[PDB]
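The next block holds one structure in the form of C-alpha cells; read it before the comments.
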C-alpha cells in the first residue's frame, strides 16, 4: 500500500525498452514519453543495486561532459550488474556502450526543451581525444600495418563452383519461406548496417557520414538512368 | 602541510578534463575556509564557482 506499490513489471519493461533503444540502438519504436523516464529512474532507485550505476548517472546533472573516472574494480562490478540487470546474453556489452549511454543522458537533461525535438544528436564528445582528426591519416595508418600483416590462409583457388539441384527440396524451402513480409523486415536490417557505419568509430568519428551514404541510395536512380540510357 | 588536500585536488587535473570527485560537507567547508585563510581578502564572497 506504499507508493512503491507499483507495476514494477511495467517499470522494468519500460526501463529495458529505453536501454535497449538508446544503447543497443535496437530497432524502430515510438519511445517518445519523457514521463516514464522518471518511472525508470525510480525503478533504479528502488534498489541500492542499480543505484550504484545511478551514482555515475547523477553526474549528468552537472552537464559538463567530463570524461568519467574509473575505479577499476567497481567499474568491473558496474559492467557486471549492467549486463545482469539488462538480462542480455552477454553480447560483449562494454565500457564503450556504457559511456555512449552516459553521454546519451548527458544530452537529455541538457534540453529544458518540451517542444517536439527533431534532434538526432548522432555526435559524441567523449572520443578519448582532444579533437577529431581526418580519416586520411587513418587511411595511411591502418593500410600500412595491413600491408605489414601476412595471409592467414591459402585458397586452393583452382577452378571450383558449388551448386545444388534438389528442385523439390528448394521448393519446400520456398514454401517454408513464403509468409514473411521481408519487404518490411529488411529495412531495419539496413538500418542496422547504417548504425554500424558510425558505431564503427568512437574515434575522431567521421562527420560526413551523411550525403555520400545518401548517394549510395541515389545509385538506385543511377541504375534507373542506366536502364533509360 | 595545512593546505595539502586542497593542493592535491588542484593538482589532479594535470590531465585534461577529468572529473574531480565530489566532497563531503566537511571537506568542502574546510576547503573554503583554507581558501579564505590563504587568500584573506574577505572583501569579496569566496565562492565554489571560483573553483571551477
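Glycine gets a Cβ as well: all are built from the backbone with ideal geometry, and neighbour counts include every protein chain shown. Each value in this text was obtained by applying a stated rule to the coordinates, not by laboratory testing.
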Which ones in region B:39-52 are surrounded by fewer than 10 Cβ atoms within 10 Å (Cβ to Cβ) and more than 14 Å from chain A (Cβ to nearest Cβ)? B:40, B:41, B:42, B:43, B:44, B:45
Qualifying residue in region A:44-54 (condition: touching a helix residue (DSSP H, G or I) at 6+ places or on another chain (Cβ under 9 Å), within 30 Å of residue A:118 (Cβ to Cβ) and part of a loop (DSSP other than H, G, I, E, B)): no
For region A:22-29, indicate whether the set of residues that are out of contact with any strand residue (DSSP E or B) (no Cβ under 6 Å at 6 or more places or on another chain), surrounded by 15 or more Cβ atoms within 10 Å (Cβ to Cβ), under 17 Å from residue A:104 (Cβ atoms) and within 14 Å of chain B (Cβ to nearest Cβ) is non-empty. no
Is region A:174-192 home to any residue that is under 30 Å from residue A:131 (Cβ atoms) and touching a helix residue (DSSP H, G or I) at 6+ places or on another chain (Cβ under 9 Å)? no
All conditions in (1) closer than 24 Å to residue A:132 by Cα; (2) in a helix (DSSP H, G or I) are true of residue A:226 except (1)
